Amino acid sequence: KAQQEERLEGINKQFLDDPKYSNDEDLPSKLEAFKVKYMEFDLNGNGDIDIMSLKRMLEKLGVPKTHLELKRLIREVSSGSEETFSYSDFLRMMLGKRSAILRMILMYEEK
Ligand SMILES: [Ca+2]
């Protein structure tokens, strides 16, 4: 919805002021594209990907992980609980070295 998107945009703006990313000339464009994609996931009423949803996706992609294993994984990359993969967690994971820009083709789907 519109509110869900403004929230993510709010987080993007948050990231557009964070120094650890000011050095990326594509950050603005990346954030818009990651926002769109994130909007496609099965999110909870709080706008996050809960661990159960994450487990389902990883199993469907052929890379199964146990509940505990994902908690342990999420805990190390998240700023929130080990039971949620938030949009910001999503961003921190995806962003970084401009060479990581190539990873974005994983989202590409021909129309
Ligand atoms: Ca979390």
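Residues numbered from 1 in each chain as written, not as in the entry; some residues may be left out. Heavy atoms only, no water.

Going by what the PDB entry lists, the protein is known as Allograft inflammatory factor 1 and is assigned to Mus musculus. For this entry, the PDB record gives the title as "Crystal structure of microglia-specific protein, Iba1". In UniProt, the protein has this text filed under Subunit: "Homodimer (Potential). Monomer. Interacts with LCP1." (UniProt positions renumbered as here; feature names shortened; annotations may be inferred.)

Visitor: Just checking my understanding: could you explain the overall build of the protein for this structure?
Guide: Per the secondary structure count, the protein includes six helices and two strands. Traced from its N-terminal end to its C-terminal end, the protein shows the element sequence α-α-α-β-α-α-β-α. On C-alpha atoms alone, the protein measures out to a radius of gyration of 14 Å, which is about the 13 Å that the 2.2 N^0.38 rule sets for 111 residues. The C-alpha extent of the protein, read off along each of the three principal axes, is 40 × 30 × 30 Å. Relative to its 111 residues, the protein shows a buried fraction of 32%. For the protein, the exposed area adds up to about 7700 Å²; of that, 53% sits on carbon and sulfur atoms. In the protein, the 19 positive side-chain charges and the 21 negative ones have mean positions that sit 4 Å from each other. (Helix = DSSP H or I, 4+ residues; strand = E, 2+ residues; numbered from the N terminus. Rg over C-alpha atoms; globule rule 2.2 N^0.38 Å. Buried < 20%, exposed > 50% of the residue type's maximum accessible area, 1.4 Å probe, protein only. Areas by Shrake-Rupley, 256 points an atom, 1.4 Å probe, with all protein chains shown as cover. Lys, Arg positive; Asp, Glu negative; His and termini not counted. Charge placed at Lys NZ, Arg CZ, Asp CG, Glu CD.)

Visitor: So what exactly am I meant to see when it comes to the side chain of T84 here?
Guide: By the element assignment, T84 lies in strand β2 (residues 84-85). For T84, the side chain forms a polar contact with the side chain of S81, separated by 3.2 Å. When sequence neighbours within four positions are dropped, the list of residues in contact with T84 reads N44, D48, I49, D50, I74, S78 and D89. (Polar contact = N/O pair within 3.5 Å; in protein donor to acceptor, adjacent residues only side chain to side chain. Contact = heavy atoms within 4.5 Å.)

Visitor: Which parts of the structure should I look at to understand the coordination of the calcium ion?
Guide: Ideal values differ by geometry: the angle at a metal is 109.5 degrees with four tetrahedral donors, but 90 or 180 degrees with six octahedral donors. At the metal site, the calcium ion is ligated by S78 (OG), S81 (O), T84 (O) and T84 (OG1), and these contacts range over 2.2 to 2.6 Å. If you list the donors of the calcium ion from N- to C-terminus, the spacing comes out as S-x2-S-x2-T. (Donors = N, O, S within 2.8 Å, 3.2 Å for Na, K, Ca; no water.)

Visitor: Mind showing me how you'd approach the UniProt feature "binding site: Ca(2+) 1" in the protein here?
Guide: Under the feature "binding site: Ca(2+) 1", the UniProt entry names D42, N44, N46 and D48. Summarising the element assignment, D42 is placed in the loop between α3 (27-38) and β1 (49-50). The exposed category is assigned to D42, whose relative accessible area is 52%. Those residues in contact with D42 that sit more than four places away from it in its chain are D48, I49 and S53. Residue position: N46 is located in the loop between α3 and β1. Of the residues examined, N46 reaches a relative accessible area of 48% and is grouped as partly exposed.

Visitor: What's the story with the pattern of salt bridges in this structure? I'm lost.
Guide: When their charged atoms lie close together, side chains carrying opposite charge are able to pair. Tallied over the full model, the rule gives 11 salt bridges. Taking the shortest distance from any N to any O, the salt bridge between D24 and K30 comes out at 2.6 Å. Of the charged contacts in the structure, one is a salt bridge between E32 and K35, with a shortest N-O distance of 2.7 Å. Of this pair, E32 and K35 are both found in helix α3, three residues apart, which corresponds to roughly one turn of the helix. A network of salt bridges, in which partner residues are shared, links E5, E9, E32 and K35. (Salt bridge = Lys/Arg side-chain N within 4 Å of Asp/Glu carboxyl O.)

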